[PDB]
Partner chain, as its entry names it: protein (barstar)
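Before any questions on how it binds or moves, here is one chain, the form solved without the partner chain, in structure tokens.
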């Protein structure tokens, strides 16, 4: 149980898996997600959105003819997302943002 960037990295860099509380939008949506509400702590108490894939649809992440990028919410409790997000690359690269994907700074 954790929701910090380094915490997710340590946990993921050690177990090749996201913290025991990260669910993708895919499942969140099929689970019953609604824009005019943005539910989460209700259908998933003590959990956060993350695990999908970030097709670098922003040109703010390093690409390569053979690699993938994924995103995950950061600093969450009970309500909706925010501007803090962490980006983890298939090349073992850790990228973090704080204005909602607007800018981006590398941490590991």
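Residue numbers count along the first chain shown, from 1.
Below, we turn to the form deposited with the partner chain bound, even though it does not appear here.
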Evaluate residue 36 for contact with the partner chain in the entry with it bound, applying a 4.5 angstroms cut-off between non-hydrogen atoms, and reply yes or no. yes
Does residue 64 reach the partner chain in the entry with it bound if we count a contact as any heavy atom within 4.5 Å? no
Tell me, yes or no, whether residue 68 is in contact with the partner chain in the entry with it bound, where a contact means a heavy atom of each within 4.5 Å. no
